[PDB]
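Notes for the one structure printed next.
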Amino acid sequence: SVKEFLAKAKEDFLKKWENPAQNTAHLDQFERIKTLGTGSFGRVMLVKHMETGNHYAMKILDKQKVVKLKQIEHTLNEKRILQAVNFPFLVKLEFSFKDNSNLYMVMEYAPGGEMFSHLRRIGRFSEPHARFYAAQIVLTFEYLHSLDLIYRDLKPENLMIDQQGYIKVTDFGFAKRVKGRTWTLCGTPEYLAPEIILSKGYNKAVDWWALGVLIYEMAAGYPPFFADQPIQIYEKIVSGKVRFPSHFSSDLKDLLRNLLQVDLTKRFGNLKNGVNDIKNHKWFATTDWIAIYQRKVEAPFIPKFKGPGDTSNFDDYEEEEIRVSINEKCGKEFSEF
Amino acid sequence: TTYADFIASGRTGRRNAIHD
């Protein structure tokens with residue numbers, strides 16, 4: 001039963017939310033291999049734990065840059081939340097620690113690369129292929145939302161493909177635990193819900209809007225609302241006029257009309273039946289939800305990888321050194337990290 | 001085509017999040 005799993009999951013989450021783990025490793029235990037990704041706020045590097053040979057992805061955040069960009073609270077949210085959750089399609093936080101200059105989060109490595117890469121190269125996914133990924137997001141959001149968490153940054157760039165072809169959601173930089181309403185303008189423009197951009201105050205329903213954007217993008221190969229500059233994208237979003245490509249099935253079109261619903265009183269995921277209106281939709285009729293959860297469904301795409309520590313599914317980035325000051329920077333701002 | 005308009009746009013690479 002789903003409900004009995006959720007209550008046993010909320011009891012584990014809460015215990016770790018109230019008493020977070022801190023300082024579980026040090027930098028000198030890790031060999032730095034390669035930069036896998038860069039960010040507004042920081043960089044992610046492939047790292048090897050020397051004593052075990054285990055490979056991890058390490059997010060490094062420069063504390064001074066975090067303060068400048070006013071992300072202190074979001075960064076504390078990210079680590080606090082990540083160390084407390086456990087779910088098959090969320091990346092596992094293994095270790096976290098900090099030094100004089102930086103914050104570090106050492107996570108599970110997914111060698112299949114970002115969904116983003118495979119999507120742009122291939123052009124678009126078949127409906128069955130899109131659906132396999134979408135169902136994993138549906139369940140992940142069912143779990144997250146039951147803990148009062150809003151995710152707020154769904155996009156192909158933050159979905160990694162693991163060795164079996166399944167998804168790991170990474171980057172919880174905008175995740176927040178909220179009962180009720182919140183107001184921050186944050187996210188990625190193409191994935192912003194109209195509520196967010198109109199400054200109305202919003203809730204977990206924004207994530208169901210973004211699932212709509214994601215399914216559309218996966219299946220079409222481009223997002224439903226695009227333009228060269230953000231302000232143009234916001235215009236189209238609030239107007240809420242969507243065109244579907246010819247090749248979308250009518251079941252797909254109907255699910256998407258319910259997810260990309262501007263009026264949050266008619267948006268799927270936000271009605272009296274909640275996540276069940278999505279899971280019971282005709283577009284998901286072939287989906288065995290428990291089999292996805294147990295990962296017993298064979299994946300339509302399994303990425304080719306020659307050994308652990310292989311990075312060929314990732315783009316190349318410019319390598320920078322990790323500089324560590326001899327004086328502690330922003331001690332009291334990150335004391336709880 | 002919409003595809004051709006997307007590919008000609010400035011938003012086909014990794015998209016960075018905005019902050020407040």
*Normalised by the number of residues in chain A, what is the relative contact order in percent for Cα pairs under 8 Å and 6+ residues apart?*
20
*Find, among the trypsin sites (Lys or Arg not before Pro) in region A:161-239, those assigned to loop by DSSP (not H, G, I, E, B) with at most 11 other beta-carbon atoms within 10 angstrom.*
A:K179, A:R181
*How large is the dipole of chain A about the Cα centre if only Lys and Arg carry +1 and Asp and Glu carry -1, each at its Cβ, rounded to the nearest 20 debye?*
920
*First check a/c for region A:152-196, with a ≥ b ≥ c the square roots of the eigenvalues of its C-alpha gyration tensor; if it is under 1.5, answer rounded, and if not, answer prolate when a/b is larger than b/c or oblate otherwise.*
prolate
*Distance between Cα centroids, region A:1-77 to region A:288-333: provide it in whole Å.*
11
*Which GluC sites (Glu not before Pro) in region A:13-68 pass both tests, a DSSP loop state and at most 15 other beta-carbon atoms within 10 Å?*
A:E51
_Computed lengthening from A:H118 to A:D288, 0.36 nm per intervening residue step minus Cα-Cα distance_ = 58.7 nm
*Which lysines, on any chain, are close to A:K8 with Cα under 16 Å apart, when same-chain ones fewer than 8 places away are left out?*
A:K16
*What are the trypsin sites (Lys or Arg not before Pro) within region A:243-337 that DSSP puts in a loop, where the Cβ has at most 14 other Cβ atoms within 10 Å?*
A:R243, A:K266, A:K272, A:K296, A:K304, A:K306, A:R323
*In whole angstrom, note down how far apart the Cα centers of region A:82-144 and region A:173-203 are.*
20
*For region A:114-272, count the residues as N, evaluate 2.2 N^0.38 Å, and divide the Cα radius of gyration by that value, please.*
0.98
_For A:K253, give me every one of the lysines with a C-alpha distance below 21 angstrom, ignoring sequence neighbours fewer than eight places off in its own chain._
A:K155, A:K236, A:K241, A:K266, A:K279, A:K282
*For region A:13-119, just say rounded, prolate or oblate: build the C-alpha gyration tensor, square-root its eigenvalues into a ≥ b ≥ c, call rounded for a/c under 1.5, and beyond that prolate if a/b exceeds b/c, oblate if not.*
rounded
_Calculated [θ] (222 nm, deg cm²/dmol) that DSSP helices of n ≥ 4 give over chain A, each run adding -39,500 (n - 2.57)_ = -10000 deg cm²/dmol
_So if I place +1 on the C-beta of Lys and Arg and -1 on the C-beta of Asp and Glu, and nothing else carries charge, what would the dipole magnitude of region A:1-79 be about its Cα centre? I want it in debye, nearest 20._
320
_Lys/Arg +1, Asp/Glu -1 at C-beta; region A:153-251 dipole; positive extreme among A:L214, A:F248, A:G201_ = A:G201
*Kindly provide the pair-distance distribution of chain A built from C-alpha pairs, with 10 Å bins from 0 and whole-percent values in order of increasing distance.*
5, 25, 35, 26, 9, 1, 0
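In this analysis, Cβ positions are derived from the backbone assuming ideal geometry, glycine residues included, and neighbour counts consider all displayed protein chains. The numbers here are math on the coordinates, done by the rules we state, and not lab data.
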